[PDB]
Structures are given as structure tokens and as C-alpha cells.
Colleague: 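My questions will all concern the structure given below.
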Amino acid sequence: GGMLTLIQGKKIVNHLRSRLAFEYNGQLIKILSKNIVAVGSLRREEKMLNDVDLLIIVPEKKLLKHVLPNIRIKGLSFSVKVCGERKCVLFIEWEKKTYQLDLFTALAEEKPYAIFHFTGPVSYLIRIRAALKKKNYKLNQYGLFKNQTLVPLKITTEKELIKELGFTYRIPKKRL
Amino acid sequence: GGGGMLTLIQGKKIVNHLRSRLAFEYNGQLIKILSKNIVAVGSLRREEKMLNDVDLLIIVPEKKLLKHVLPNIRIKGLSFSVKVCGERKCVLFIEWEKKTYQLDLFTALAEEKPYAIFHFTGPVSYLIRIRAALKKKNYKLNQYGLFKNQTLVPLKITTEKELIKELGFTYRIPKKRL
DNA sequence: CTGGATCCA
DNA sequence: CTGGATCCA
DNA sequence: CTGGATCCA
DNA sequence: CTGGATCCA
Ligand SMILES: Nc1nc2c(ncn2[C@H]2C[C@H](O)[C@@H](CO[P@](=O)([SeH])OP(=O)(O)OP(=O)(O)O)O2)c(=O)[nH]1
Ligand SMILES: Nc1nc2c(ncn2[C@H]2C[C@H](O)[C@@H](CO[P@](=O)([SeH])OP(=O)(O)OP(=O)(O)O)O2)c(=O)[nH]1
Ligand SMILES: [Mn+2]
Ligand SMILES: [Mn+2]
């Protein structure tokens with residue numbers, strides 16, 4: 001995995017938006033643009049990137065075993081380092097260089113929690129999570145939990161989630 | 001794979017050799033591990049004819065020692081290299097009588113002993129049936145204890161035999177478990 | 001069935 | 001802070 | 001490698 | 001309707 005600039009990251013994401021699909025029992029299902037979310041240091045607009053992180057929103061639980069393991073990227077040369085249902089790491093060829101692409105999956109119901117988790121940075125996530133831990137809550141990429149039971153927040157966006165958790169909303173680049 | 005297959009008796013002779021030769025460094029103090037706190041487990045305890053490795057469970061008196069026992073293990077006089085080594089699992093490739101074998105070391109705390117022995121004895125298929133049955137009654141059995149809702153259920157038991165009976169199963173000697 | 005060592009995310 | 005993939009145990 | 005019950009095309 | 005997939009303790 002080589003080092004990328006922000007500008008290169010954005011250009012790679014633009015190329016992938018239209019070209020991600022997966023094979024579901026011998027049928028090629030296209031992944032929709034609205035279900036593809038740039039996360040990690042790219043969403044945070046860091047000028048240096050070690051990789052490109054994309055979150056894929058999966059409409060149904062039964063598709064989890066198919067999406068990342070049978071991933072297709074039309075016309076692009078890549079090799080797969082590790083791949084399960086929730087994280088898949090590809091090495092993509094881009095013009096005499098090799099870049100690390102990380103793909104992650106969230107179910108529709110996990111969406112804002114996954115976006116929050118994968119946006120980071122880690123330092124920010126630790127503060128937030130410790131603050132909720134003190135109130136006996138547990139936050140991860142799948143939900144908010146109290147006593148190992150899911151807390152039913154009824155929210156769509158990452159912004160709604162953050163307000164509902166009782167924290168000051170900050171744009172991805174201003175989180176630290 | 002790491003090591004060659006051994007006969008049962010080869011495995012036992014290796015265990016007999018190692019019983020009086022395991023030690024660890026506790027801040028430069030070299031402490032011998034007691035034979036009483038070493039239990040042969042895995043296919044050796046089940047008395048299978050051929051073994052793919054040797055599994056030993058080391059019983060550790062106190063929690064503070066877990067960061068020292070396996071990470072600073074010593075087998076004086078024996079030639080070996082390390083595959084992986086943490087506090088709960090250390091795997092070694094040992095030289096015994098001019099062939100290379102895999103030696104698995106595991107640690108259990110004193111309170112965990114009967115659960116650990118049960119875990120590491122196997123066989124795997126047997127353990128899965130036992131655990132599935134307890135899972136259906138909302139328990140979780142592992143090498144550290146029996147749990148109900150991520151909370152330790154303190155059984156008044158000491159040995160593996162007592163544990164297997166208290167869990168509501170028919171006790172079978174290691175070699176009869178399938 | 002359940003979890004460890006490693007190296008990430 | 002909290003969890004995933006790999007290859008085991 | 002739960003394994004019988006229950007769901008759903 | 002029933003059989004393969006998924007549920008659940
Ligand atoms: N809770 C938690 N989340 C973590 C962690 N590491 C990465 N993540 C999540 C948040 C990160 O923004 C995202 C991608 O991680 P990674 O690629 Se290692 O770092 P990222 O912030 O993108 O910067 P870069 O890729 O190093 O440029 O995954 C972590 O340790 N704990
Ligand atoms: N719960 C559970 N326990 C497992 C598992 N694999 C190994 N173990 C435990 C039980 C085994 O008897 C023990 C040693 O494993 P391993 O060395 Se892979 O098999 P073992 O029975 O010694 O046969 P051999 O080493 O192949 O001769 O560790 C497992 O999948 N689940
Ligand atoms: Mn990244
Ligand atoms: Mn073994």
C-alpha cells in the first residue's frame with residue numbers, strides 16, 4: 001500500500017462509485033452510489049492518506065455473506081489480502097503504483113453507528129466511548145448498548161446520532 | 001503443521017522428561033514449575049495411538065504470574081524455537097531424539113483448573129455437543145468457567161469429574177469421550 | 001462451541 | 001474504546 | 001462441527 | 001404444501 005494525497009483519494013472513490021458489484025448465487029448485483037460512503041482519513045479531508053476506506057450499506061442481513069467475499073470492481077486490476085463479511089482489504093493497481101482499498105459493511109439499521117465509527121479519528125472515538133462507558137453505555141459500529149441490550153434510538157443520520165448521544169456535532173475534519 | 005507425528009509413548013516420554021524441567025523467569029529469579037501443576041491434555045490425555053503434537057496445561061497460582069510464566073518460559077537442556085507466545089498460549093518446536101515436534105503450553109489459574117482440563121482434553125466434537133446443550137439452557141461454558149449472562153456461576157466443585165457431573169452429563173474417562 | 005496471538009480497522 | 005480476519009488451540 | 005423449532009418462498 | 005434458510009437459548 002502506497003501513500004496517497006487527498007486529491008488522489010477523491011479521484012479513486014469517484015471511479016469506484018459506479019463500478020462496485022457483488023455476485024449473489026451466480027447473478028451480478030450492482031452496489032448503489034447512495035449505499036457507498038467514503039470514511040476514514042478521506043472523509044476527514046486529511047492531506048495524507050495511508051489508504052482509501054469505503055463503507056458499503058447492505059440492505060439485508062442475508063446478503064452479508066455475499067457482498068464482500070464476492071466483490072467485483074468493473075475493469076480494475078486488484079488482489080485481495082484479507083476478506084470476511086465485515087472487512088475486505090484489496091490492493092488496487094493505479095498507474096504504476098499500488099494502493100490499499102479497505103471495504104467495510106454496515107446493515108441499514110447500523111448505518112449512522114458505522115459511519116461514526118469508521119470516520120474516526122481513533123483519539124476522538126476513545127473520548128466519546130469512555131464518556132458513555134462511565135454512564136454504563138457501550139457504543140460500537142453496530143449500535144448503542146446498555147447492559148448488553150440494544151438501545152433503540154430512532155435516527156437516520158450520523159448527525160442525529162451524535163446529538164442524541166449528547167455530544168457537540170463537529171464536521172469530520174474538525175474531530176480529534 | 002510444525003512438527004512430525006509421534007506415537008503415544010513418545011509423547012509420554014517427552015512429558016516425563018518435561019515434568020521436572022519447566023521453569024520461568026520472574027524478574028531474573030528462575031522459578032521451577034511443579035510437576036503437580038503440569039497436566040498432560042489433548043490427544044495424549046485421551047490416549048490416542050498417534051499424536052500431532054503434545055499439549056501441556058500449566059496451572060498458575062496467582063493472576064500476577066500470567067505475564068511471566070509463558071512469556072519467560074525456560075526448558076533447560078532442550079533445544080527449541082518459538083512459533084507464537086502469549087500469556088495463555090505458547091507454542092514451541094522442540095528437538096527430541098533428532099526429530100522436530102510441536103509442543104503446546106497453555107496456562108490456567110487455580111480456580112479455572114477443572115474447566116481448563118475439560119476444555120483442553122477434548123475431543124473437539126464432544127466439546128461442541130456439551131456446549132451446545134448448555135447454550136440451549138442459556139449458559140456459556142469455556143476454559144475459564146460457566147457463565148450465565150456474562151456472569152460467573154460459582155459451582156462448588158474441584159475436579160474435572162465433579163464438574164462434568166454437576167453440569168448434568170455422564171462422566172466418561174478421557175479416552176471414551178467422542 | 002468458544003477463545004488466543006497477531007496485526008490490524 | 002471496541003471489534004474483525006486469519007490460523008489456529 | 002449445535003440441532004430442533006420456526007420462518008418464508 | 002412442504003423443504004431449505006434462518007432463528008434462538
Ligand atoms: N473504535 C476504533 N475504530 C478504529 C480504530 N482504528 C481504526 N478505526 C476506524 C476509525 C478510522 O477512522 C477508520 C480507518 O482506520 P485507519 O485506516 Se487504521 O485510519 P484512518 O483514520 O483512515 O487514517 P489512515 O488510513 O492511516 O490515513 O477505522 C480503533 O482502534 N478503534
Ligand atoms: N472448544 C474447543 N476446543 C478446542 C478446539 N480445537 C482444539 N481445542 C482444545 C481441545 C483439544 O483437545 C485441545 C488440543 O487441540 P489440538 O491439539 Se488442535 O487437538 P488434539 O485433540 O490434541 O489432537 P492432536 O493434537 O491433533 O493429536 O485444545 C475447538 O475448536 N473448540
Ligand atoms: Mn484509512
Ligand atoms: Mn494436540
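A, B, ... follow the sequence lines: proteins, then strands. Residue 1 opens every chain. Because only heavy atoms are used, hydrogens play no part in the values below, and waters and symmetry mates are left out as well, while side chains stay in.
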Colleague: Within the side chain of B:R74, is there an N or O that forms a donor-acceptor pair under 3.5 Å with the backbone of B:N72?
Modeller: yes
Colleague: Would you kindly compare B:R129 and B:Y144 by the position of their nearest DNA chain C nucleotide and give the one closer to the 5′ end?
Modeller: B:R129
Colleague: Looking at the strand neighbours D:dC1 and D:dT2, are the centres of their six-membered rings under 5.5 angstrom apart while the planes meet at under 30 degrees?
Modeller: yes
Colleague: Checking the side chain of B:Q10 only, and the main-chain atoms of B:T7 only, is there a donor and an acceptor separated by less than 3.5 Å?
Modeller: yes
Colleague: Compare side-chain N and O positions of B:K140 against OP1 and OP2 of C:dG3 and report whether any pair is under 4.0 Å apart.
Modeller: yes
Colleague: How would you label the contact of B:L127 with the nucleic acid (heavy atoms, under 4.0 Å): base, sugar-phosphate, or nothing?
Modeller: nothing
Colleague: Between A:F104 and A:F118, does the ring centre distance come in under 6.0 Å?
Modeller: yes
Colleague: How should the glycosidic conformation of C:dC1 be described, syn or anti, under the criterion that syn lies within 90° of 0?
Modeller: anti
Colleague: Taking atom types as modelled, find out whether B:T107 and B:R88 have a side-chain donor-acceptor pair closer than 3.5 angstrom.
Modeller: no
Colleague: Side-chain contact test, heavy atoms from C-beta onward, threshold under 4.5 Å: evaluate it for B:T100 versus B:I94 and give yes or no.
Modeller: no
Colleague: So if I take residues 22-35 of chain A and measure heavy-atom distances to DNA chain E, which residues fall below 4.0 Å?
Modeller: none
Colleague: Is the distance between the ring centroids of A:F22 and A:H66 less than 6.0 Å?
Modeller: no
Colleague: Measure from the side chain of A:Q141, starting at C-beta and using heavy atoms only, and say which of E:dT2, C:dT2, D:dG3 lies closest.
Modeller: D:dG3
